[PDB]
Every structure is written in C-alpha cells, then in structure tokens.
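# Quick one, what's the 3D model for this:
(5 chains, ligands or ions: 1)
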Amino acid sequence: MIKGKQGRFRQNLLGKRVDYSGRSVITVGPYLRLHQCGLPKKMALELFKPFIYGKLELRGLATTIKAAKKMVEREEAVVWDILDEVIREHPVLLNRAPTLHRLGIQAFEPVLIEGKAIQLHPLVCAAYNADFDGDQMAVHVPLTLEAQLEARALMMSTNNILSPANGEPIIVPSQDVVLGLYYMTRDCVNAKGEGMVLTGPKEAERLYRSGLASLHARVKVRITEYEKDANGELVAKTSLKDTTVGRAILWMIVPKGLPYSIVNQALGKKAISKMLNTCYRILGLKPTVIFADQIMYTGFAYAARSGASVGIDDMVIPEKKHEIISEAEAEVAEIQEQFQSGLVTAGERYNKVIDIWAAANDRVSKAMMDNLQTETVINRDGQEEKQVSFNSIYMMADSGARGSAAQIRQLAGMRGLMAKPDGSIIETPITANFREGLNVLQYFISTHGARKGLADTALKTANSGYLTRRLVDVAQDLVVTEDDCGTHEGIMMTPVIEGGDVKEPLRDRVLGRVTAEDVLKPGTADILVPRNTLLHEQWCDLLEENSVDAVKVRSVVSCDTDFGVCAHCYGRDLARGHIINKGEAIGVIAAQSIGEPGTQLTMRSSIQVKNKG
Amino acid sequence: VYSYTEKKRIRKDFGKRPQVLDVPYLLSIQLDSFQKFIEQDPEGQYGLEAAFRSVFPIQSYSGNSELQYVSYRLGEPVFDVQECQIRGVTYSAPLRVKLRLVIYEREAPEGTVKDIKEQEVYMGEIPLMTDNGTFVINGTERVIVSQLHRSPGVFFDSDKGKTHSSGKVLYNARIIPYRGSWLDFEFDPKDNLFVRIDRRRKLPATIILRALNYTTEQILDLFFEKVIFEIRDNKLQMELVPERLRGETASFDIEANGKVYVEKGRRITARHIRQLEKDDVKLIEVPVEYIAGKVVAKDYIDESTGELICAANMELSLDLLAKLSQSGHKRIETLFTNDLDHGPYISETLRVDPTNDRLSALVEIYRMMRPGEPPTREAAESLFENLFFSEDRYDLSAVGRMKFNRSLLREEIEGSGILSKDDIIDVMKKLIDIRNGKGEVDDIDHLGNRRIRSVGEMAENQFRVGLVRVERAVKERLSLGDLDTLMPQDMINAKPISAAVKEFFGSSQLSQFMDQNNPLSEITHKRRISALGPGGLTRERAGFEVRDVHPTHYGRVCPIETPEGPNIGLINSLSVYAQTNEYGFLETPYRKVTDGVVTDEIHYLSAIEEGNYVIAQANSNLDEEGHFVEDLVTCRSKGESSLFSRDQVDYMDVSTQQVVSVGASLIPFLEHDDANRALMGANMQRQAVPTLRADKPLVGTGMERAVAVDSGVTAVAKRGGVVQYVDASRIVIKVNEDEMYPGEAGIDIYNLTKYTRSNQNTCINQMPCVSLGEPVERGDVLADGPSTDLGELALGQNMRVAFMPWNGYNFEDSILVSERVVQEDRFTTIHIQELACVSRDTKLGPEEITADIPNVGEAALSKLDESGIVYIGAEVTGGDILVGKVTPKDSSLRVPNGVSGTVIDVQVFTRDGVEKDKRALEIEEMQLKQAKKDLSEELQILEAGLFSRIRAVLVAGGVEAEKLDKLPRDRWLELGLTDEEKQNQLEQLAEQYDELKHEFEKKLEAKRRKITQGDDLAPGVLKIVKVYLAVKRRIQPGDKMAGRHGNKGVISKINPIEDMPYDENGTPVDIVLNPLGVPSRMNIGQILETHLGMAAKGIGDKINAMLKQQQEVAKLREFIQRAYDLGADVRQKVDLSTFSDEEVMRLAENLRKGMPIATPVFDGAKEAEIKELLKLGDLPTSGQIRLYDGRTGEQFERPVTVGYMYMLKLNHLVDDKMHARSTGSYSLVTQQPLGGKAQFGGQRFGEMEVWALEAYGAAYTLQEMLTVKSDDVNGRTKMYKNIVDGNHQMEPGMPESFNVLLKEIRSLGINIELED
RNA sequence: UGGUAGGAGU
DNA sequence: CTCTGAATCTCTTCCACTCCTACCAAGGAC
DNA sequence: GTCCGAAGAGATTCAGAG
Ligand SMILES: [Mg+2]
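Numbering: from 1, shown residues only, chains lettered A, B, ... in the order given. Find the structure here:
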C-alpha cells in the first residue's frame, strides 16, 4: 500500500482530489469571446457557495450562516443577483481528462448560462483536443487572491497564443470558419454585379446584403491600406484594387497594420493561419485577439449563409474509370497467362501485378481529380471559359477545412490495395469506391486494416502515456536559475542533409538561440554576428543574406551553471517573444512537448546530383 | 401470401438476391447449450448425467462399501420467474437424486450385498434458465457469455527469431489437456530437445523416455534409422543401401562390383541414384577414416570377457573399431545421421542428460516437480503414474482427443482420455520432423484451433468441481467402520455443490450483468463471444495478433461489431447464420454446388473443411438456374481470394448478410461507409434508450422484425385465434378449434408487464397492438415491448435532417434541434429508480419506521401517510422524506438531490415474526384482493370458454335453440344428448372442472399463504421498504444523440421553431447536421439513408394527401401498387388485387406517415432506384432542396441536402453527468471520497494535471490545490472561515496524506524524521 | 461503508 | 584455471479521467 | 461474560578457454 499506482505516493500524494470542483458535458458556444466560457447556473451556484454566504452576511439579508444556507438552498431571487456579483471577474480553470499539453488546463472568465453543459469557445477546442461528442471537462475554482491573479496572468486563454513546443500559433480557424472564409474569398467568372466600381468595403457589404451583387463578383474597390513605414506611425495608402466583393467585405475586420495582399487570395486554412501569425508579429497581442474573434464570427456567419452541403451527386466518378479498370485487368490477365507457361516466376509475377495495380490506381485518382477540380465550366459574355470548380466536396478539400486527397480518392475512386494483417499486400485491390457499393469480400479486406489500426491506436495511447511519465520525471528538477554563465562551449548548428533536399533549413534550427562564438562573415577577417547576441528573425534574415552554413550556438548541455541552466543558453521561451524568464520550469515543458505527439507516432550503385554545384 | 401482421403494414423491400435459408433462431446457442447440459440424456456424452456417471461409483479403502446413483430428477421451482424477480430470490430448481448404497459381507465381496440402501437425496439448487435465455440469480437478470479458448490438443509454435539474435527458429510443441498439466517440448539453440512439465524449468527430453521404461537402444531405434555395417575378410566391407544416400557429397570413392559409378568428392544426382538402385549393390568398401565419424547404436560386448566395448550413443573411433575387430562381431550398428535430412537431436540429448535408468529419471522428475522433499522411489513412481496416466488428475476430452489424433494424422477419432507412451513419442517425432523441414507450424488464431464453451459446458465443469470434493468427503466418511447405521443422506453434504454452483453463477468473469436498454442489446449480449475469463487470456497478456481479424472469421465471427477500447478484438459477436459445431467449433452454412448448378441443400462447414474447397461469392449472378454467366466468378480458396472457372467452384455463400453480426446488420447501406464508422454505429445502437413512443425506421435493413420477435420483449401468440378481450393490462385469445386441444379445451391469457425498472433504470412496458375481435394466427406479435413498433425494432425516431453549417452551433459534432422536437415530446424517455430502506437492528433499541420524525416540519409529514410511508403517486422531489426510519438516540431515507419523479409503487418486506405497520396491512390486503381478483377473473374466463365449448358438444343433437336457455344455470354440462356416451364424457368433464376449481381455490390459498408468510430477509433488519421513483427525462443541450452510421453528436442549442431553416412550402427542418463530418470520416451511408428517407416520406405525404381528402379506393390502391412494383428486379412482388379492399384502407392508414423501405446490408437499393423512387413522388432527383433562412428570410445558395434520418438518443444523459461540489465528506486520509455523484465527490486533480499547473509556473494555485482544498483539515476550516469574512488568505500547513505516508514507512522499521 | 472485478464513455 | 563472455533465473512495469452494477469478509466453547 | 506476453535490466551462475 505504498508502492504502485494504488499506493500513497502516486494515488494520494501527487494526485490529491480537490474541493470546489465540478464536471459536466461540454458543448460549443459561438457567442462567447475568446476569454469567456459558459457555466451552468446550478454549477456556478454550487461551486461559489462560500462566496455567496460571505456576500449575504456582508449585505445583511442573512444574519447567520444557517440562515444563508437555507436561503441558498431555497434559491431565492436575491441569491442570483448576489451570484452575478461574485463570479463577475473570477476566473475558473477548465481541463480535459487527458492533460498532455501545458495548455491542457486553461482559465476562462465565466458567464452564467441555463442548462447543464459547459459552453466552450470554438477556437479554444483545438488545443484541448475537444470534439464535442460526449466529451467531458472538469472545472476548478481558484480561491485565494494570489491564485486568481496567477490564473489571470498566466493561465487565461488570451495569453496562450503560441504553443511552448514551437512558435506556431495554437489557435486557428479549423472547420466551419475556414470554410466560410474560403467561400467568401473566391471569384466566379460571371456573377451578379460583375464589373462594378465601388467606393469602399461598406459599399460592397451594402451591395451584397441588398442582393444586387454576388459575393464572388469581380469588382474594383477603393481600399484604404495602412502600412507602418515609420517607427510607431501609420501612413494611409488609398488605391483601386481588382478584388471580389467577398474580399472587400472581409477587409473591414482586418486591423490597420496589416497589408491588403493577405485578403486578396483564396484564403485556405494555411492562409488564415499565416494571416493570424502576421497580425501577431506586427500589431502585438490585443489586436490579434480581437482579430481572431472577428474572424471566427465572420467565418461562422458566412459559412451559414453559404449553405454548403454534401450530396450523392457531389462525389463524381470519373468516366474513364471503367476503361482504366479494363486495361489493368487485361494486363494482369496477360501476366497471369505468362506465368501459366512458366516464363515468369511467381514472385516477379506478384511484383508486376502490384506495380500494375498501383499504376492503375494512380491513373484513376489523377483522372478523377482532374475532372473534379475544374468540373465547373462557366459561360461569360458569350464565349465559354474554364475555372476552379465550386463542387462542395472539392471546396471542402481545397480549403483545408476537412478531408484530404486520400479521402476523396476513397470516395470517388479506387480504394487501392489493402494489406493483410501480416503486412503483405493483397493482389487484387478494392476496385469500388464508397459512393458505389462494396461487395462482401472487399469489405472483409478493408476490415482487416481497420481493426489493425484501431488496435494500434488503443495501445499507442498507453505507450505514449508511459513514455511521457518517464520523460516528465527524468527532467522535473530543471529550472532556469542563473542569468548568464559566461561559458564558451557550444554545439554546432548546421542544416541536416540526408543526400537530398534540405530536411531542416538552417534558419529554423538556430532561431531564438544565442551564439557561443561570434559568427564569421563570408568576407574574411569580418564578423557578422557578435559573440553573445541572441538570434531572432532579423538577425537570422541578415544571416540568410550571407548564408553561412556553420554557426556555433549555446545549448543546454553546454551550460556550466549547476542545479539549473542560465537564461541565455535556453534562449527564447517559444511561447512569447522574450528571453526566458528566471524561474521557468523548462524541464516539465520540454517533457510535455516531447510526449504530446506520442499518440500520433505509430508502433509498427551510383550517386547523381540533382542540381549544379 | 402474407401474414395478418404483414397485411397492416408491409415494408417495401429491395434486394435482388432471393434468400434460400431464413435467419435461424437468434438465441439458439444459449438455449441449446443449457438444454444439453441439464436434461435426461442417457449414454453419457455431455450433460449432467455424464458428470454424475463419471465420478459417483465409490471405491472405499477396505470400507467394503459401494455407493452409486440410479437417476436424478428436478423439482418444480418454488416461485415463478416474476415472483423470484420481485422477492429477490434465485430462480432455481431443487436437484433430487436417487442414490443407492450397497455394502458387502465382511471378507466376502463376491456374493450379494449384505445391506442394500436406496433413498432419494437432495443435492442442491441449480439456477434454471428463463425462456429468453437469461438467469435470475438474486432478482436481477444475468447472462453467461459464451467463452472462446484454445481447443485441447497439440500445437506446434514457431517461436521465430525471438531470442539468441541469430535468426534461428526454436520450434516447440505443446500439449494442452482439458484438465491436467501442460507438457511442452522445446528446441535449444544447440539443437537439443528439452521437456517442460507444467511450465517448470527445462529438462532433457529423453528423461521422459527413460521414465517410460525405454531402453537407450530402443530410443535410438525409434528416433533414428540403422545403418548396418559388417566385419568381412575383404576390407571389412560396409553395407550401404543406395537409397540411403541421396543428394549428398561422397568423400570416398563409390565402387560397386569393382567399377566406380560415383567418384570421390562429388555429389550424387538423381541419375547416379537410379543407376545404383538398379545395380542394387548394398555392399561397399570405405576407408577406415569414414567409419570413425559414425556413432554406434547398440551395446556391444566382447564374447571373450563380457565387458562393454562401447555402450549406446558412443562415437566410433579407430581404437573402438580395432577392439570390434578383435571382438569379431559380424554386425556394426551406426545411426543414420544426415545433416540436411535428419538431425542428431535425440542423440545429443541422451549425451547431455545424466540419468541412465528408469529410477534415475523418476527421482529427477520428483526433484523437479517437488523440490526440497527427499526423493522416494515409491512416491516418485506414484507421482509419475498420476501425472499423465491417471483418470482423475488428467483427462483429454473427446474434442481434445480428436484434435490430437487429427494433428498426428491418425485415422482413429476417439481414444483414451489419458495420454500414452506412443502419443508422446509421436508428438516428439512430429516435432523433429517439423525441425527437419517436413511439415508446417500451426497458427493459434485459426478458428479451427479455437473452441466455443457456452454456459452448459462451464456449468457442467463447475458441477464436477463441486462433486469431486463431496465424493472425497463421502469416501472419507465410508472409511469409518459402520454398518446400516445411517441412510445415504447424512453422508453427503449439499453445501459444497450449492456453493460451487452459486459462486459460478453469481461471482464470475463471464456471469455478466445484463443490460436491458434495448431488445437489440439483450440479443447482442446473449450472442457475445468473450476470449477472457477463466482459462483464457487477459487484457494485459493478450498480444497484438489475437486482437486482429483472421481470414477464417468469414461467416463465423463478425469483423465489425467489437468494442473499441481496451478489449478490442478480445470480445466479438457471433455472426448471423453461424452456429456452433457439435464438438465446439464454429460452423457456417454454404450452398452445395453440383456440376455447374447451384443446388438447394445446405452443408454447414467448420473452419478446417472450409480451406480445402473453392467457395463462390454471395454477389454473383445466378439467373434462377445456376451456371454463373461470367466464367471468372470470384471465389475465396484457402486463405486467399482469386477468380476461378465456373466449373472449378464447389460451394456458395448462403446469403450476403452471413458475414456481419445481428447488431451490425441493422445498419442500412452498410457497404457504403468505412469500417471504423460502421463499428461505431454498431456499438452505438446498443445504447439507445427506448423513447416514449416507438417509431419504426423509414429505411432499415428489414431484419428488425426478426430481432424484435426473437427477443423476449414482445408477447407472441403461441396459439392463433380471435381476440376475445383486450386491455392495457392483458390480452385474452380465443383459440381456433383446429389448434384447440380436445381435453379440457380453454383459452390462453397473456398478461402484459407494465412499467417496470430495467437493469439500466429504464422503463419496460407492453402495449397491446391488437384490437377487439381481430383474428390472429400462431407466431404473430400481440403486444409491443420496449422500443418495438408493430413487431419491428424501433430504436429511435426519424426526423427531417439538413446538412449545412448553421452559425457554428453545429461546429465539430454538435447537433442543432428544433424546438418542435421538444414540443411534441418525441425524445422524452422514462426512467425508473429504486430506493430501498432497511429497518436495521442497531444498539440502544431497534430502529423503527414510524411517521413522527423529531425536529422536522409538518410539511414533510404531509406527503407521508400515517404509517410513515410515502403515498403512491406523490410528486416527490430531491430531499423529500420517503420513509420514517427513526433511530434511537432521525436518519430518514429521502429522495437524492436532482431527482423529481412520481412514486409508482412501494414494496414492503417484513421479517417473519414481527408486527406489521398499518401501511403494511394496506399493502398486504390490497395484494391479497388483487390475487383473489386475478384468480377469480381467470377462473370465470376459463369457465366461460369451457362452458362455451361444451355448448359445441351439446350442439350435436343434444341441445336445441331454446333447450339451453330454459335449462338452469348450474348444469349446462348435464343435458340430454343423442350419443348417450358423449353425455358420460360431458359428465366426466364436469367433474374434472369441479375438481379443477377446487385445485384453483387450493392454489389461491397457497398464494394467500405465500403473501401471508413472512418472507425471508437478511439477519439484522426487521422490514425492507422499496420505493420506486419514475422520473421523466427530456431532451436538452448536452445530451448525446447519434445516428446509425457512427456519427454521434451532442445537442448544442434548442433552436426556436421560427429560426429553423424552412423550404418553399414552409416546413421547418427538425435537425441540422454538419457537412464536414462526411468527407473526413467516410460514412456515405447517411447521405444515401437521408435521400431514401426523403423518398419514403414523399410517398407517405402523397398518400396522406390522397387520404386527407376523400378519394376512391381504386386510385389509392393503384398508387400503392405502383409504389410497391417500383423495383427493377426486386423479389418482393406484392399485388394489391388479392387484398380485401378494406385491408387496403388499413395499410394506407399505417403508411400515411411514411413508406417503410428495406435495404439489406450488401444487397441494398442502388442509386438509380432511389432516384426513380424520388421521381415517383414530386421530389427533385438530386435530393437537394433550396432552403430559406429562418430569421433573415433570404434563401440559401448552394442547394442543401434535406431528408429524413433515423436518429437515436443515447443513454449518456447530461443530468447524470453534471456534478459539482464545494464542501462535503472526507475519507480516512481526509481526501474527498469521489464516489462521483453517489457521495458528492470532488473531481480528482490527477498527476498529469499538476504537471500542467507547474509548467505554467503557477505555484500558488498548485499549493492551494495540494493543501487547502484536499488534506489540510486545519487549512480547510481556516480557508472556509476566511472566505465568508471577505478575506482570501491561505495557511499552507501540511497535507494529512504525507503524515499517513510517514507513519506507514515508520511501521516498517525505517526511521523517517522531519529534521530541523 | 470500504477492497475487488464486470461493462461503457472520451 | 582464473576470468572476460554467455547461459540461466528473477524482478518490475506496462495512461488518464469519469458512469455506474454487483461480489466479498472472525461462534460456539469455555 | 469472555476466548482461540513481452520487454527490458539485472543478479547469479556456468561453461569455455588459456
Ligand atoms: Mg470527444
């Protein structure tokens, strides 16, 4: 009763159960701001009971604690007014059942709602890995004043913009907002209101609302664009631009600093993420939060207005599929006939059959994709013309909202060859797609791999959990203690070249890390970078122009400080644009960042140069 | 022709393939196994009789007594199934056995026994199986899932390259008896055979042979060929058969008859082998260096002195052959060892083992088996004799012996249960042949190697385990000297058997608690096949390969239906047509294929026999004559599928749906969605809480009727007839004369079970689906159970569904439901709870249940009656007092918080001997009057039926139109009849009815006694009060709702009716889904399902318009005929001309709200048929309608899919999930218990959460969570006092868990000190 | 109550 | 025949949060 | 009224070899 998971050490000493906590199913709320979260009235009343008692005693409605308890149990009218005051600015901690990230627990400012479900912000759910399908989330109430300040300063969702694992943003439009933005920022060859010249974005919105102009009509709109050429000052630039109505409408929510070039494109998921990162780089944090909320609202509204839908006529089967299948079957029959005479061995026959079927699958997929992407043909002002299709499935695939090339290939093309449980490839692939039927044998062959993948995931979870626990414990003690060691030893940063293209660009590895020794300019007897300067975007860009391969960089293993590392060796915090603060628990952050992608990781001549040099 | 239940609503059925074999009885496995276990089965085989006959002959050590059983019988159960469920007692039947005891005369067993005793004995209670296949053990229905395990026999595991890092394969053989000790044979890296008994340490394999009194020469003869060498005058010529040496290089020059045929240093090919065989020169000459390599075989002794020149297994040498030359022996034996063909594996083992005699091997075996004990010759001999050749300790079942012989390629099927020396030798020879490359290993996952062990076999094994100890006790008692002292009743004890059976049936890994939320769940739970349990794998031990799906699972075990999670693949459901073999393996039907013709007769093929044949696919064109038109019909040969000629095929699949389970086959368009989503949908159908009103699915597979009738939920008429009397509580059927038995002909009465709590706390009720006077036949459903509609499985409701994003309310999987869904209460579910109160006998006086409760308001007592019990029908709420329960000194049972439902009934159980309170008197008198009313009503109705059937006899010339009326009311059976002997028959029947009503009143008195008698209770409690609350749940945000194709979701917002999107006609859509869920997880079944649902509802709306206004029957009939004749080549073929022109009206009435459509799993409607059906109505072919926004009023672009989809409400409610806590109870470690909502628990702040808390750098929050909210009791009270005063300080203190750990470590003699 | 399994959800 | 290598056995650990439903456990003898 | 798999690391031993 001391050792093991059931012992005191793991169950009780490190896993104490906490009062002032609750649990309920979560559901999406698009009305919420980024920092807010829904909270049922009954749950809020139960969690904040001592605060309600104290407020009742202070106000004077209840003389004694027993009277206040009875009044609260009666849930009288006055109790709700008192409650609204209490939870007005009191953050609550929300966490999911598996807590892999540092971001697995976040603080929100709660709003009283009716019901029994916690309303969560759609953008936040990406970090939580929440799916809104019976998912549950526990809430905790920080009592002490220090705890409240601490949650507000560190744990609030508005603070967690960049993940500690890497500098990429952790909030991003994901499923419907990105689809709405992609639908809005698109062009049609002929549409209502084409050729118009507009005064500004407000005119574009007025035209689209009144129905005179379509959301995709190409027009010429005067755009007021602000660029911060001066240090801390913005200069307006006004010019006529060839953009659609939808792009002009979206320009209203964009902040002042950003250029207009970002909105003019088709705005897929990568484009939206890049735009948010650009806003974070230029205008800071508060404009980025406001911009994220505006983007989510606008995307939801215009996705709803679009009325995108999936139907059995959306998935089109290429007309050449039957001919390709017939040719492949003829070739495989010919190879089998050659094998019957004994001319070709069984192993080479099997390999040739596999190659033939792979080639046929590639041809079918390419033909289907070519028929799909440019399926729509628009007649404009007389002569016909070609354009990117408006097929709903293709619109879902292109925008990155959902699906991929493989999913479409399975929906409207050959499912390809399926492996046996042992790992060998079945000779005959699944010819039929999911739009048309699958006979029993093909379904069995599919079920093989489906069950194998399900078991793989079910055990991957536990293996990754164990690895994460070991990593967290092996590196618990590390904390940034000192500020500078003054050491000269360091490791050498060079891009990794595995006999081909650059696997990792040099600027990516050395970004945010200080140098152990002064970097030497390609011009001899000259130094590009000082000895102890921290490399950032600008310093890396200056390093890009000279393009020196080898740069010595201070690292954690070379740190000479005992019982901890200095702030300079670690470098950037990767979550904020700052050198790491003293007292940061870098060991736990590192272990959690390593262990988080573990669930994704499955268990089971002549040398010629491509380019001149 | 169609059944009467089919006439009222006949489901349109697609599907071109005409089924040859109908779906068998769904629960046949459980019922058949239990019937085999416990029934009068002579000759032995398997059953209770076999278990009795195996053991009961008694041998006494000089006891001179023989005890044996004659027969066994089962007593009538004391209580009916409902009575056992209500009382909470097991539904068992006493086991009465006629045992006989015979003792011979002293020093004279040859003659007749001096005393012969025969007396029936009572042995124990065997829990009988209900009609549906369930067991009632303590008033709760339980099911015994059949277990799947490795079949007894011998297996040869490869063990390929796991160790030694050298890539060598360490072949091994394993023998698994049904009951005994495992015997293993292993190959060491040095090519040495090792034996391990019961997974003990390794031991040389030849020790077993030496322990089998086998001479070393005999072992060499068995495991090696003999090469004869002879001593001759001319070079001491060797004898060498040419056939012995094939394909090996010859170091010596091969000269036969002088001429050289094969030169030295050259290999021999086939031509030289054949040349030498033709020459047949067995004699040959070799250099004296060649013989030195060989090893002698037999013992050679010098005739001059008798000493051993060379013992067996001794390598020859120059001095050895010189001594043999001095010996003058004319025969030299050398073991034929060829590295490529044979192997010196046995010889090296004999070289390694130290034993050289039987006694040495025996003492080595004793040392290994029982270390530490000194070796005794007799003890070791007895141990080895009892290990593998004693019937009691070791036995191979008939299945085990059959598998063993089949693996050893023996023709004999049945043999001795115990092993034999020849069997072990053959196993070792087979392992050696496997090593040499002649043979193949056996795969464990092969379904021919795994077996099905149902409830009957496991219950029989448990009964045998219980019986052996009673047999031992009887033998021990018989050792005492006695003669005719006692009957053979006190000798045996019922307690061991009773305990051995009760423990298995109540506390076992496979005696699972039934879930009764659906008829489908009940069916599936009885069809489960769990690989876990006793004598099976565990979750941790089970490997990666076991969870995978084998190619032999086709037609036996469902590849789809299996629980995702920890035990994935370890638990899986039996397929539809698969029925277990008589030995225990799994079988599946197949249509025999004659010469080019597919016939009708069906052969059930096991796993092994399926490999040899060539089996066609279900989806192949037959054209009603056989002779598959394509000459390359796809067939699956042994473990592989490839095209074959139409004449090469030998068997055919019986039907398309013979692969999937029953649960997974309910999904329409199963062939259009990914296997993962199909698995999810199959698992989610089993968690659909039944709704307030059952609604049949508009589109379904078509087997829902079969799974509805084959479960016990619906009441099915056993004998057809007319409905004399129907009522919400019961149905009375007047049986037709032909089906009516002659003797004491009567009318059967069906009593429906009204609202009753299920295992999942859901309501179970029967609704009468027949009217007054409506004729019924045998096998039609009379009453609809939970979640069934007119005999069709109605799991959920079908509602209009639109696939479009809507303002982010359906973001990832959320679902937006119109308020119209809530308004018409079409997802409301009833929930029945059970609250029990016990009058415990504590100290300071017994606890009493009385009305007056000290220090409470009169309002609480107002709801209670004068006896302290809650009135039936009172609208109680959380906290309201239900019973008095006053304790001497207060603690009154009350409704838990968050519960608000009417109390439907209260049941009071009172200890025999104590007084009854006034409410107890009211309950008992009401129940007694109810029993009297039931008996009187059944008696009067049966009397009416019998006296009416007597009138039929009186009709034949014995009565007139007025004679019966003028006759008095007491003697209708007494009337002047023409036959004058059937009058005597009528008098006999009148006397029989007189005695029958005497029997009825006697059974009424027995029922009164059963109510009057003090029902048994556990010691320490006077009375038990059970209060049943019935809360009516309603849909709300946070509830989980799911479809059939694995597209689960949670309700997000109850949108107002006017805000929902509406089409041109103004009808709002009930639910809007999210389109993004389809492309990623490929489940196109729902899109096709919703298109077909729109088509069905379009047909329904067309006939509703044809019915709302008065239309002539001809027009409606011809439209329905057009709808039913839509399929291009469907097999349904309904003609409405044969209908009665009034049943057409009833069919139209039942179809006005929808046109049911059947689409089998792999033979469903194609897209073209759906488009044609849509065109039959006035609907667009594309299936997409232009919808207008509810609030803006502006029409959406991009026409949006709209249709009717069958949606389920899952048992994952939200009011049962939401929980909160500020301050409550604490444990011994002063942490909060977290019994969840049960005892107001706090959510656990796990280990992985403090990592995230401290990764943020948040120290103060971590400190408060670790100390002030969990363990610091002083910190807890100080923080609570500070909060109410407006202060938010914090005293850290020390957690109590740390002090507990300190004391725990100090308790082991280790000094822990917080030194300063 | 408390320790065990049993099934299920993420 | 000491003494680096290889055989054996032997211990330890295999995610994290819930929803619950049961099974379980010291007397008559002195 | 009172009492008697499976994977790895590691410790131990053991067989080869000079
Ligand atoms: Mg989820």
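# which bits of the stretch 451-600 of chain A sit near DNA strand D?
Counting by CB under 7 Å from any atom of the strand, the residues of the stretch 451-600 of chain A close to DNA strand D are A:461-462, A:465-466, A:469. The C-beta positions use only the backbone N, C-alpha and C, and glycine is treated the same way.
# ok, of those residues, which one's closest to the ion?
residue A:461 (13.8 Å; CB to the ion).
# Return the set of buried residues in the helix or strand hosting residue B:1148.
Under the criterion of DSSP states H and E, residue B:1148 resides in helix B:1143-1151. Neighbour counts over helix B:1143-1151 (16 or more other CB atoms under 10 Å in any protein chain shown) mark B:1144, B:1147-1148, B:1150-1151 as buried.
# helix/strand/coil for residue B:806?
With DSSP: H, G, I helix; E, B strand; the rest coil as the basis, the three-state label of residue B:806 is coil.
# contacting residues around it?
A:304, B:816, B:1061, B:1072 (CB atoms under 8 Å, 6 or more residues apart in numbering or on different chains).
# Pretty sure the first one sits in a helix.
Yes - according to three-state DSSP, the state of residue A:304 is that of a helix.
# Would you mind measuring from it to residue B:799?
20 Å (CB to CB, to the nearest Å).
# Tell me which of the two has more neighbours.
Legend: neighbour count by other CB atoms under 10 Å in any protein chain shown for residue A:304 and residue B:799, higher for residue A:304 (24 against 20).
# just checking, next helix/strand downstream of the lengthiest helix in chain B?
When chain B is scanned for its longest helix (criterion: DSSP state H), the result is helix B:918-955. Using DSSP H and E, the helix or strand that follows helix B:918-955 in sequence is helix B:963-966.
# Contacts made by that following helix with the rest, please.
With CB under 8 Å, 6+ apart as the criterion, helix B:963-966 contacts B:951, B:954, B:972, B:975.
# Most neighbours out of the residues you listed, which is it?
Most surrounded of the contacts of helix B:963-966: other CB under 10 Å gives residue B:954, at 23 neighbours.
# Test my guess that it contacts residue B:979.
No - using CB atoms under 8 Å, residue B:954 is not in contact with residue B:979; the gap is 10.9 Å.
# who's in contact with the closest residue to the ion within chain B?
Across chain B, no residue is closer to the ion than residue B:813, which sits at 7.5 Å (CB to the ion). Under the criterion of CB under 8 Å, 6+ apart, the neighbours of residue B:813 are A:131-133, B:1047-1050, B:1074, B:1077.
# Which phi and psi values does residue A:150 adopt?
phi -70, psi -50 (degrees, to the nearest 10).
# which non-adjacent residue is nearest residue A:93?
residue A:140 (4.2 Å; CB to CB, 6 or more residues apart in numbering or on different chains).
# Next: residue A:490.
In space, and not counting its chain neighbours, residue A:490 is closest to residue A:516: 2.6 Å by CB to CB, 6+ apart.
# how many neighbours does the one you found have?
Per other CB under 10 Å, the neighbour tally for residue A:516 reads 22.
# got the residues of the stretch 601-750 of chain B near RNA strand C?
B:683-684, B:687.
# Any of those buried? List them.
B:683-684, B:687.
# So which of those are in strands?
Residues of these located in strands (DSSP state E): none.
# For the contacts of residue B:806, pick the one with the most neighbours.
Counting by other CB under 10 Å, top hit in those: residue B:1072 with 27 neighbours.
# Who is it paired with across the strands?
Taking DSSP bridges as the rule, residue B:1072 bridges to residue B:802, residue B:816.
# Quick check, it in contact with residue B:810.
Yes - contact criterion CB under 8 Å: residue B:1072 and residue B:810 qualify, at 6.0 Å.
# any residues in contact with both of these two?
In contact with both residue B:1072 and residue B:810: residue B:816, using CB under 8 Å, 6+ apart.
# Output the set of residues of the stretch 101-250 of chain B in proximity to DNA strand E.
Near DNA strand E, when you scan the stretch 101-250 of chain B using CB under 7 Å from any atom of the strand, you find residue B:162.
# Break down the stretch 101-250 of chain B into its helices, ranges please.
B:206-211, B:216-223 (DSSP state H, counting those that start in this stretch).
# Enumerate the residues of chain A near DNA strand D.
Proximity of chain A to DNA strand D, by CB under 7 Å from any atom of the strand, involves residues A:3-5, A:10, A:15, A:23, A:97-99, A:136, A:138, A:461-462, A:465-466, A:469.
# In helices only, show me these.
By the criterion of DSSP H, membership of the residues of chain A next to DNA strand D in helices covers A:461-462, A:465-466, A:469.
# which of these come close to chain B?
residue A:469 (CB under 8 Å from any CB of the partner chain).
# And the buried ones among the ones in helices among the residues of chain A next to DNA strand D, selectable in PyMOL?
Remark: buried members of these, expressed as a PyMOL selection using 16+ other CB under 10 Å:
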select buried, chain A and resi 465+469
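# what's the distance between the residue most central in space within chain A and the ion?
Nearest to the mean C-alpha position of chain A, by CA atoms, centre = their mean, lies residue A:172 at 5.5 Å. For residue A:172, the distance to the ion equals 19 Å [CB to the ion, to the nearest Å].
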